[PDB]
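Just the one chain here, the form solved without this ligand, laid out as structure tokens.
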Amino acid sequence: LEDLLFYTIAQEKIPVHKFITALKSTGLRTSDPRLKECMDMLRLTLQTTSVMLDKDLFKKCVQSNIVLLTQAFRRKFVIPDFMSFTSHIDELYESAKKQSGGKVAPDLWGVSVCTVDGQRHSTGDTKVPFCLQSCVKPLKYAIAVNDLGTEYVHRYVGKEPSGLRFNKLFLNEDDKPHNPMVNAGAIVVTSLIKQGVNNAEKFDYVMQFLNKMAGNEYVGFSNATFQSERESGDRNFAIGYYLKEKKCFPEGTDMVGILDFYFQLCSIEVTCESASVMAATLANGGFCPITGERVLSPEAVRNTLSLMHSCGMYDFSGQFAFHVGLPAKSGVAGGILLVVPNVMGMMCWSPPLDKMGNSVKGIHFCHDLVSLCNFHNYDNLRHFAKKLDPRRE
């Protein structure tokens, strides 16, 4: 298997740089956690002789990681021609870049891609930290369903868009918040997680869960955003008191403590790069693609994607489901967390928002992405007219 792969890259010896170039062109990064042993071995070899790899040295280096390297080089990844795909991503990025309207809650614009096989691409401002805000709502819902199951969670929150052209009603007709993607629903979801412990431990628990979803890439916290959310959270206090009065919380809930935790969760920071990996975990059935670790149950992921599909883009949710047909979640910092199930996760970020509250550039990019590729939920992988299918050669 090491030999087979040796011949593919070879003709007596392989220069190390040639192996690295070929590896990167598959879309994997040399820092990928699943390539740690291989890359450690290569570094050790460049020490123990001072740039050329025979059959035997090669086998020694790649043997621990041979399954993944074989899939990579045999073009078995979900997107086999990754270089051609990222060239299209860059063109969509540049086209969205020209849409400069909208209002910040301005010129920063980044897009990151992580496939379900861990292939990575970034364009623009993808290493700048920003708060998740409402992008965290699907993530904490997934955690709640993961730990508690669908039946328990949906005793407290509903499963459908309100329809009302406003977040204006807090409760559906059964006295539950409409869904986990609206503020009242996210507040109730927050109350379900890790009940019985203090806020510091609840927060640590959620942070550890997000670290795993992001394959240990950047997850941080903006104390400045937290302070500001809590000082202008009058609408959220209104929701909290309303839910308390209507008995919407689990028995023994400290409602004002839950609101504080809620503001903390909104203030969690990511980059486009780290958030794309979180989205890829959702695209990959709850397994983190760059570590192989099982993070969320399949039930948690399926429910989260269903509700992002119908409820994730504020009052634009219905239009977005129809035209784009992908589970997505927007936030006021300008983030759009986007999932292409079975294919990839993305995070798009540009601060200026349209009248609906959605990033202008991200919305434009999402429409162009589905115009180009047969990724709409109800596109037919068989016949798709003029679209490109990046899953094929």
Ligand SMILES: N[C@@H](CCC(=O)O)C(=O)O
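Throughout, we count residues from 1 along the sequence that is shown.
There is another form of the same protein, the form deposited with this ligand bound; it is not shown, and what comes next is about it.
### Query
Taking 183, 266 and 331 as a possible spot, do all three reach this ligand in the deposited complex with a heavy atom inside 4.5 Å?
Yes: 183, 266 and 331 each sit within 4.5 Å of this ligand in the deposited complex.
### Message
Taking this ligand as it sits in the deposited complex, is residue 236 in contact with it (heavy atom to heavy atom, 4.5 Å or less)?
### Response
Taking the distances in the deposited complex, the answer for residue 236 is yes, it comes within 4.5 Å of this ligand.
### Task
Report yes if any heavy atom of residue 314 sits within 4.5 Å of a heavy atom of this ligand in the deposited complex; otherwise report no.
Answer yes; at least one heavy atom of residue 314 falls within 4.5 Å of this ligand in the deposited complex.
### Message
Just checking whether residue 229 would be counted as a contact of this ligand in the deposited complex - the rule being heavy atoms within 4.5 angstroms.
### Response
Yes, contact at 4.5 Å.
### Query
Applying a 4.5 Å heavy atom distance criterion, does residue 86 contact this ligand in the deposited complex?
Although this ligand is absent here, residue 86 would stay clear of it in the deposited complex, with no heavy atoms inside 4.5 Å.
### Task
Only one of 134, 191, 146, 119 comes within 4.5 Å of this ligand in the deposited complex by heavy atoms, so just point that one out.
None of the others qualify; the residue that does is 134.
### Task
Identify, from the list 262, 209, 156, 93, the residue with a heavy atom within 4.5 Å of this ligand in the deposited complex.
Looking at 262, 209, 156, 93 one by one, just 262 meets the 4.5 Å heavy-atom criterion.
### Message
Just to confirm the contact call: exactly one of 32-40, 331-339, 64-72, 344-352 touches this ligand in the deposited complex at a 4.5 Å heavy atom cutoff, so which is it?
### Response
Every other range fails; the passing one is 331-339.
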